[PDB]
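Protein chains in written order, with my numbering: chain S, 5 to 109; chain L, 136 to 331; chain Y, 137 to 233; chain B, 4 to 143; chain W, 2 to 119; chain C, 55 to 342; chain V, 35 to 129.
For each residue, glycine too, the CB sits at the ideal point set by N, CA and C.
Note sheet for the following structure.
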Amino acid sequence: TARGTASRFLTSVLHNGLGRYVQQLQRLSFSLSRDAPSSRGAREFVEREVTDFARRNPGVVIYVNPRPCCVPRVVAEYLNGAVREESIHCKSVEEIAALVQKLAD
Amino acid sequence: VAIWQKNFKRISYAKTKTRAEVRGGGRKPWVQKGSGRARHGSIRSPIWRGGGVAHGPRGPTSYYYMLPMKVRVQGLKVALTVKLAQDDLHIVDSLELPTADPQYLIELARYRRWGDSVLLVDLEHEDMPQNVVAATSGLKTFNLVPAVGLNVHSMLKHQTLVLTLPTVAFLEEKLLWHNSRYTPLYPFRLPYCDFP
Amino acid sequence: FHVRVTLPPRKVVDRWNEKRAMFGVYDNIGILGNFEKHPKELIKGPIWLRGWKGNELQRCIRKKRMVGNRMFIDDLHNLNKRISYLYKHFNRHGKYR
Amino acid sequence: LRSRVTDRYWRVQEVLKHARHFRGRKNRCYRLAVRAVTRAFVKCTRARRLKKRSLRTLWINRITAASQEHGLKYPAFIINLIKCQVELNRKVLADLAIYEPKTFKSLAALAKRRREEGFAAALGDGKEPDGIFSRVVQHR
Amino acid sequence: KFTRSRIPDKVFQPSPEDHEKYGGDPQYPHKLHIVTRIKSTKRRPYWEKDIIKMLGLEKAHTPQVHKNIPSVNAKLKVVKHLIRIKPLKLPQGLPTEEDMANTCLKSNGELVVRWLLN
Amino acid sequence: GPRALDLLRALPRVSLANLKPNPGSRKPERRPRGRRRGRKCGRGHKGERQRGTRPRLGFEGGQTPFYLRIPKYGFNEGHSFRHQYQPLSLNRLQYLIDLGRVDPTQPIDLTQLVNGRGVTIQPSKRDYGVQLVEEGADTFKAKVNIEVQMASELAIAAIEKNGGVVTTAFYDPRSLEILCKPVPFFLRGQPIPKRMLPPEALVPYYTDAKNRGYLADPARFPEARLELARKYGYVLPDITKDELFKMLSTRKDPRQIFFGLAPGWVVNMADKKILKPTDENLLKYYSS
Amino acid sequence: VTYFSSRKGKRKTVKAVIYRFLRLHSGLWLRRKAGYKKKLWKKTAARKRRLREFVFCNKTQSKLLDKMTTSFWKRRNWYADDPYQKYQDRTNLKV
RNA sequence: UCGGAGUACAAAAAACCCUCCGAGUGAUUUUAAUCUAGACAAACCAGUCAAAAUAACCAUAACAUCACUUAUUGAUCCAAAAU
RNA sequence: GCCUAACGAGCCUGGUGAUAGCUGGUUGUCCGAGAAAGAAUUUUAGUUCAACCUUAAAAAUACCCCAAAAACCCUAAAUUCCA
RNA sequence: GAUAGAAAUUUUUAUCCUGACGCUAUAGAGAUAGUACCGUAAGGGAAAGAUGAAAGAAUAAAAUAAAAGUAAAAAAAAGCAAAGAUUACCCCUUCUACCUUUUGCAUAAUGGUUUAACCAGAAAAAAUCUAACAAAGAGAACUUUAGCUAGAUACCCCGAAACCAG
Ligand SMILES: [Mg+2]
Ligand SMILES: [Mg+2]
Ligand SMILES: [Mg+2]
Ligand SMILES: [Mg+2]
Ligand SMILES: [Mg+2]
Ligand SMILES: [Mg+2]
Ligand SMILES: [Mg+2]
Ligand SMILES: [Mg+2]
Ligand SMILES: [Mg+2]
Ligand SMILES: [Mg+2]
Ligand SMILES: [Mg+2]
Ligand SMILES: [Mg+2]
Ligand SMILES: [Mg+2]
Ligand SMILES: [Mg+2]
Ligand SMILES: [Mg+2]
Ligand SMILES: [Mg+2]
Ligand SMILES: [Mg+2]
Ligand SMILES: [Mg+2]
Ligand SMILES: [Mg+2]
Ligand SMILES: [Mg+2]
Ligand SMILES: [Mg+2]
Ligand SMILES: [Mg+2]
Ligand SMILES: [Mg+2]
Ligand SMILES: [Mg+2]
Ligand SMILES: [Mg+2]
Ligand SMILES: [Mg+2]
Ligand SMILES: [Mg+2]
Ligand SMILES: [Mg+2]
Ligand SMILES: [Mg+2]
Ligand SMILES: [Mg+2]
Ligand SMILES: [Mg+2]
Ligand SMILES: [Mg+2]
Ligand SMILES: [Mg+2]
Ligand SMILES: [Mg+2]
Ligand SMILES: [Mg+2]
Ligand SMILES: [Mg+2]
Ligand SMILES: [Mg+2]
Numbered sequence: 005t006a007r008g009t010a011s012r013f014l015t016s017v018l019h020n021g022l023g024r025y026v027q028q029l030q031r032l033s034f035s036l037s038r039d040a041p042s043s044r045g046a047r048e049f050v051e052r053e054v055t056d057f058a059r060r061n062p063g064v065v066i067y068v069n070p071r072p073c074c075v076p077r078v079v080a081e082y083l084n085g086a087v088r089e090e091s092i093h094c095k096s097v098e099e100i101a102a103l104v105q106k107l108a109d
Numbered sequence: 136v137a138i139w140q141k142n143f144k145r146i147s148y149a150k151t152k153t154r155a156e157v158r159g160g161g162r163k164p165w166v167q168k169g170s171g172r173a174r175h176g177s178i179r180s181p182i183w184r185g186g187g188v189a190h191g192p193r194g195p196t197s198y199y200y201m202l203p204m205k206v207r208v209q210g211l212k213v214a215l216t217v218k219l220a221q222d223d224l225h226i227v228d229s230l231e232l233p234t235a236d237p238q239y240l241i242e243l244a245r246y247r248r249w250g251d252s253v254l255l256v257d258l259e260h261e262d263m264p265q266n267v268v269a270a271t272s273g274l275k276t277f278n279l280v281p282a283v284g285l286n287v288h289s290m291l292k293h294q295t296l297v298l299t300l301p302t303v304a305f306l307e308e309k310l311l312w313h314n315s316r317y318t319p320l321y322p323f324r325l326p327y328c329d330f331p
Numbered sequence: 137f138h139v140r141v142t143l144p145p146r147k148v149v150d151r152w153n154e155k156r157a158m159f160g161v162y163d164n165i166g167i168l169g170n171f172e173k174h175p176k177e178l179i180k181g182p183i184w185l186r187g188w189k190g191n192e193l194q195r196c197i198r199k200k201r202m203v204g205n206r207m208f209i210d211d212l213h214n215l216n217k218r219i220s221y222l223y224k225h226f227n228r229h230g231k232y233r
Numbered sequence: 004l005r006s007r008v009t010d011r012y013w014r015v016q017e018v019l020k021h022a023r024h025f026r027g028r029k030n031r032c033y034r035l036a037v038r039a040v041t042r043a044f045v046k047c048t049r050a051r052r053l054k055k056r057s058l059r060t061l062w063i064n065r066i067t068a069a070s071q072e073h074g075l076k077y078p079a080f081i082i083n084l085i086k087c088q089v090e091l092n093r094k095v096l097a098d099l100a101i102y103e104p105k106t107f108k109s110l111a112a113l114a115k116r117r118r119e120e121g122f123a124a125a126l127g128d129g130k131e132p133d134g135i136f137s138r139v140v141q142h143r
Numbered sequence: 002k003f004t005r006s007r008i009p010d011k012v013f014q015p016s017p018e019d020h021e022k023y024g025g026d027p028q029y030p031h032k033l034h035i036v037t038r039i040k041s042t043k044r045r046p047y048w049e050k051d052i053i054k055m056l057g058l059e060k061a062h063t064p065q066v067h068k069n070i071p072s073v074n075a076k077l078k079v080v081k082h083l084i085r086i087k088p089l090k091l092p093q094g095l096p097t098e099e100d101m102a103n104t105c106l107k108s109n110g111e112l113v114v115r116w117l118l119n
Numbered sequence: 055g056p057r058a059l060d061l062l063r064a065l066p067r068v069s070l071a072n073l074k075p076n077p078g079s080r081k082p083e084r085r086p087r088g089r090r091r092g093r094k095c096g097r098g099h100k101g102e103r104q105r106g107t108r109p110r111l112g113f114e115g116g117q118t119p120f121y122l123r124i125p126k127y128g129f130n131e132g133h134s135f136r137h138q139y140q141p142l143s144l145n146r147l148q149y150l151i152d153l154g155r156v157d158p159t160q161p162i163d164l165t166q167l168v169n170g171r172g173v174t175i176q177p178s179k180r181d182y183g184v185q186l187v188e189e190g191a192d193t194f195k196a197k198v199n200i201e202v203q204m205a206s207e208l209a210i211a212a213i214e215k216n217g218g219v220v221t222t223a224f225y226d227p228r229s230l231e232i233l234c235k236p237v238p239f240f241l242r243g244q245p246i247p248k249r250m251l252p253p254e255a256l257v258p259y260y261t262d263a264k265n266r267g268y269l270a271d272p273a274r275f276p277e278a279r280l281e282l283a284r285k286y287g288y289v290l291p292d293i294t295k296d297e298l299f300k301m302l303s304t305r306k307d308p309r310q311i312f313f314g315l316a317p318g319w320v321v322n323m324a325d326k327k328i329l330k331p332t333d334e335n336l337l338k339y340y341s342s
Numbered sequence: 035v036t037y038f039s040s041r042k043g044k045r046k047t048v049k050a051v052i053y054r055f056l057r058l059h060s061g062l063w064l065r066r067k068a069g070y071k072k073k074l075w076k077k078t079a080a081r082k083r084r085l086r087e088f089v090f091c092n093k094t095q096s097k098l099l100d101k102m103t104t105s106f107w108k109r110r111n112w113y114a115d116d117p118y119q120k121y122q123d124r125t126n127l128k129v
């Protein structure tokens, strides 16, 4: 609902894309577990595609943390100072790659 | 088989009181018309506060069912087969033990990379070696059971299986008999021609 | 909907205690023991439910037939009323008929 | 096994978070909030459907305003702009009217000129005499 | 009682002026019908609904090509008040197998085989 | 062979944490909760159906029911007193013999058929034994001594062409159940009772020679055998000159149940002993 | 029909169906024509033949009788000299 | 409760406390059988026809006939019958 | 009339969770298809069938349907059956 | 008719292994208690507790300040009170509250002041799916012309005037 939630105008930070394009995603911190069955997607993404994604996008700092946790999460922190925390709990590697690409974009 | 072993022994001792078993509520609280409030019968109705439960759990519930013989035996065979295939089944001879130290078994399992839990299976109960009895009487993850105590639930609960050679022969001869047997005219307990 | 404001103490339950280790150990006693005892004898509980299953009406009838003479007065009366009610509901009430 | 609901707080809050800006007891009482929230969502969908029509009518009104400001009626302006194969929608036409007075006057002059061209063609009823802006160009 | 309507054969007897009024050839009839559904089958009889369904005209304002045979002409006469029918025109001939992907149907009723050359 | 075993090596441990039943083995139960399965919960609108007070099955709303308007006629009249005989085809008998369930070298009885699982007899269902049919009499090539309760002429001729022996006897339900399940009778703890005579309805059937009655005159037997032989056009073998003539001629006493045993004997299977009565009255009763 | 008995808790059967019906093992039910013994002097010979002749029951009545009768009456029956033994089975049913 | 006519104009069905006829049986001899394809009608119960083949009469018909011929009739159970 | 504030027959307990074709209520999300009535019935406030309809499975023909064809005093819109 | 329903005849091996896929103060016994209280009497019959090792640590200390109801902070044309929005709370435009019952309900037909806690689908004869074995199936009694066994799919709550017994 427009009247219930907030609103904003179509804006861009630092007039992005005018002089040069700068990837607004600054860092991506994955928190997962090695023994939790829910962290299977996060684990297999770390094994397979985290290196390829890091090589494709060198402007983002990728942290990976195994810990005794039940809900695997991803914290994306942008140049705006904005922090978006998403749950990667029980998602396949294709879904995790799609979410990571969406966060980067 | 795993679900059957968990369920057939269940008897739920959950019994709640219906509106007919509650103490009071023998008369109408108020007349049908003229009071201006809702009509009610017994004050122990499930709508009321201190009334009985509409359906609830009723009495001791016995969850008992028997899977067929050739399904239980097949489940035992499949459990043994998967334990052998996943490099988790070990055949030990005579189940002899040098000392009654429970910690010796833990070190032996750690050195052989058996895992966290080990199920030792012996042929008989009264013929168990006292060293192994004393060693496994104080251990939790190491469990000593006789040949007649083999079950799918325990084989899946324990990470590694250890079988004695006479126990292997006994289980082999027990499980292979059902492949070429008749239907029981009477229960196999009573004397047969070739069956004891 | 007022939920509690403090975390409950974590129930430290061990999955390797005596019962959880010995559970279901002799379920194949017949199969691996030259049949002499059914798994029926391993059922511990009420006398009328040792190796039997049925709906509520059948359970009540069976309970009255075996242990009905040793019951208490009020429980026997409640059992009779429950038997009558279950009979009436099962035979005269329903949708599929 | 007695089973009770423990997340009823969150179940109620998921509905009450959309009714915090309401007036009266509808923003507090849950019984009065579910009906108000459901009607709010239904109205949101209906108004999302009607927003296109409302904005189109607003654009048409603005195009009229800017057209009779040039002494030209909206139907004639639109039909003569279509006849010139100038496919600018009402939103763009209103944008031009608001922010590009000279461009909109050029469009109005073109539409008018097309109108007198069509009127002269109808009066003459001659196949050979054709106007300059009345020529039709095919796809390429 | 409201039943189906018999249409006399005198309705389909074209007059000499009809040919030059509607741009038809008085001596060779055309080959294929381009049929478009204008109106809805709601508030119309179930037999007309069935005829529209079997003519492949579920979606309105979408042309469909049919033969010029009396078998389909009977149904076209049955539901002639719900459809617009034009003769298929082929200024450049039938499309061969090499022009199937580059064909188009102009709204005037003709089928062009070479559409958007480069 | 079983490549699933090889594939299991790379897969993790199979434990109770990862166990899934067959897809489609368990149809999920549906409860009257929510927008779809609520709002009268599938019971419809008002009436007897929603309130659960509709009439019984055969009731048709006051109209005379179909199951009450049709006139009564004898269809199951005395159905619990008609003798039943489980049929045994010659094709099935041949199948049993050639798979080795039953052996023609020994006398084959209803006991032997039950032991070989060729037939199943339920005495409580008024079954009176096994009858012989001629479904596979064309390819019956075994020489077997068959004892049944009912036999057909074609089956008898087919057996006699090979050179067997057919004999039909009677068993009252008690002796019948004893004969089907001798072991459960032997652990019962009672002496073997006498075999009761057939009733007047079955005396003529077992007194004649054409059906090979056990109470028939044995001197009439060769006459009937020769009649069947001349009727079916097969040479009648000289059975007296066979090496198994004693086995083929081995009979049971009309009061006897088993082969070689006598009424009144107690078979103690624990000690492998036989207890026989000696009292004059007991012997007279058991031999009467 | 008593779906759950009071003594044993089993499912009882109505005796009228077994008294005036016969079930074949193929699933069909056998019954007599209604009125085959009433006022024979008032009826034509063909009508009397139709009344005397046996008839079958369709799917609805067959299902009703199956519901109203216990599975004991649906068993395979081998009577001695049974007239309906030839009709117990079904042949050449292309369905 | 059952039949006929119009409503219900031309395959079938079709209602009203819609408009009219009736029926709850008589007379006579050709005293009119058994069995079985295939069909009409119908929610069910019921009602209808009926080719071929057999028993007795011409050695060629048997549908009993007439009264607008269509209606002239009643299910289980149970009682009396005695096949 | 009165029989402890309600008496065309007191109040309490038990049968009793009396029985209701009658009224009210029946609690998570999404998706697919989807029904307005012919016959009986102390029956028209309901049940039981048929015709529709839902989930599965077998098949092969299914709607539109040109001729030709469907009654005798007169009879319209038009119906049935089929390429 | 609804329904009721045997018996003759069969099977049943000693003891421990007993606790809880039962509840946590609107639940579980009515119970902190058959006590207060209501009744002449028979009889009916409840609600009520929360700090801490220490309150012989009350100038006493720490976690929520989250339901409905109020105050902080009464209101400014116009309208089922909301949505589209907008620089902007209204002002502009558009939608006849919700269940139930009905051919049809905004109807001036029924129900609800509000909040919290309780309150309403239950059965496996025939059938579908899955699996074991299969002319045989089932751990005893039965069913079998591809069948037998096992498991999963199913059928509510409240309400009378009344009748009988003490
Ligand atoms: Mg009570
Ligand atoms: Mg009372
Ligand atoms: Mg009031
Ligand atoms: Mg009451
Ligand atoms: Mg209480
Ligand atoms: Mg309680
Ligand atoms: Mg749109
Ligand atoms: Mg259920
Ligand atoms: Mg269901
Ligand atoms: Mg619903
Ligand atoms: Mg609702
Ligand atoms: Mg109704
Ligand atoms: Mg009546
Ligand atoms: Mg049998
Ligand atoms: Mg028909
Ligand atoms: Mg003839
Ligand atoms: Mg009084
Ligand atoms: Mg009730
Ligand atoms: Mg009613
Ligand atoms: Mg849909
Ligand atoms: Mg509708
Ligand atoms: Mg025609
Ligand atoms: Mg056709
Ligand atoms: Mg009656
Ligand atoms: Mg309490
Ligand atoms: Mg508050
Ligand atoms: Mg306003
Ligand atoms: Mg309702
Ligand atoms: Mg009304
Ligand atoms: Mg309705
Ligand atoms: Mg009104
Ligand atoms: Mg109102
Ligand atoms: Mg009302
Ligand atoms: Mg309501
Ligand atoms: Mg009100
Ligand atoms: Mg079943
Ligand atoms: Mg009475």
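For a quick check, are the C-beta atoms of residue i and residue j less than 9 Å apart?
i      : j      : result
C/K195 : C/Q148 : yes
V/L99  : V/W63  : yes
C/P141 : C/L186 : yes
Y/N153 : L/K152 : no
Practice task
Taking only runs that begin and end inside the segment 248 to 301 of chain C, name each unbroken alpha helix (DSSP H) of 4 or more residues, in chain order.
Solution key: 257 to 261, 275 to 286
Problem - Validate contact between the segment 222 to 229 of chain Y and the segment 35 to 52 of chain V using beta carbons, cut 8 Å, 3 pairs - result: yes
Exercise for the section: Take every Cβ of the segment 92 to 112 of chain B, pair it with every Cβ of the segment 55 to 66 of chain B, and state whether three or more of those distances are shorter than 8 Å. Expected result: Contact between the segment 92 to 112 of chain B and the segment 55 to 66 of chain B is present, because at least three Cβ pairs lie under 8 Å.
Handout entry: Contact between the segment 244 to 264 of chain L and the segment 72 to 82 of chain S (3+ Cβ pairs under 8 Å)
Key = no
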